[PDB]
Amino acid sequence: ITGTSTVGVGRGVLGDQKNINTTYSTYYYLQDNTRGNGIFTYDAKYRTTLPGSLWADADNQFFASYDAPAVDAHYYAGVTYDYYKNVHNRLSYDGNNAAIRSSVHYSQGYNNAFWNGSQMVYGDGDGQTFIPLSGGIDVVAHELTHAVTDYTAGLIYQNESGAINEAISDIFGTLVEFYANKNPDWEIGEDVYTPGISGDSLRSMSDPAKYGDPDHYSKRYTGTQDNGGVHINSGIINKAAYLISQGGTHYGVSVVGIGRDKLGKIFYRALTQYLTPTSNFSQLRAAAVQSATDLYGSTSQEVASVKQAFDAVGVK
């Protein structure tokens, strides 16, 4: 909508207060004009018609329980935009400041979030498996990274290319979480997963096997569930990325960590320069090696650590 840019305040899913960029035109809309061509947050009103209604508020104060998922989807979309612009010089998910749109209150008791090819969508959870999923910055960044992937490598969402697609979203979801620097970890979804169970998460990058996901290529799932296990075999790549950044000895193979920033530069370059829709795990290794070579040289520790990490998870 056309209006004047202003700043509101509210509370997110976890009860934390934050300011949000809004637009005033009779009502205050969750429309942030300070980033690219706008960040727009919508209310699906417990239905599945998308995008729903652009979120309208009468007084620019968003402290109602019903407001919280919108606050966080809107705010964390902005953080993720900032990450890609400030860290990778990428303007929104298409590189040309495409508008970022998010809908919350999707359906009833919906225990998931997703990028639908045009926008992000967040369920409220059922209060047992999940609370509203936009409360997790790694979830928000995970989904928006799917958009980045769709506009760059275009990894098909099945089998190994789909598992890479998932891992990329977990990797940059985590790197955005570290970028914002509020309780950062190498776990996925911990902030919105199982409110009645402490210390758990949906996936682990540091130890995928914690939740039954493979941490080595020999353990990859080869059935048909989950589009060929795209959320399962992602653990193999998540572990490799974790090792590149943090180091460790995995199945007896030692990896010297090079830190989160260099992990991001290597995998972002791989994603945007070398990966293709049909890339498999072995092609990802080559892409990451070439990216590290571009950035730091063929004889660098960085290239060495990329090789060790993929060796450690059995990807040749």
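We number the residues from 1 along the sequence you see.
- Between the stretches 283 to 291 and 249 to 257, it is 249 to 257 that shows the larger average CA temperature factor.
- Averaged over their C-alpha atoms, the temperature factors of 22 to 30 and 43 to 51 are higher for 22 to 30.
- Note on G78, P214, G196, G135: the highest value goes to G196, judged by CA B factor as recorded.
- The PDB entry assigns the greatest CA B-factor among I232, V148, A113, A167 to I232.
- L275: CA B factor lies in the lowest third for its chain, per the PDB record.
- Looking at the C-alpha B-factors along this chain, the one for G154 belongs to the lowest third.
- Sort the modelled residues of the chain by CA B factor and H74 lands in the lowest third.
- For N37, the recorded CA temperature factor ranks within the middle third of the chain's modelled residues.
- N60: CA B factor in the lowest third of modelled residues in this chain (values from the PDB entry).
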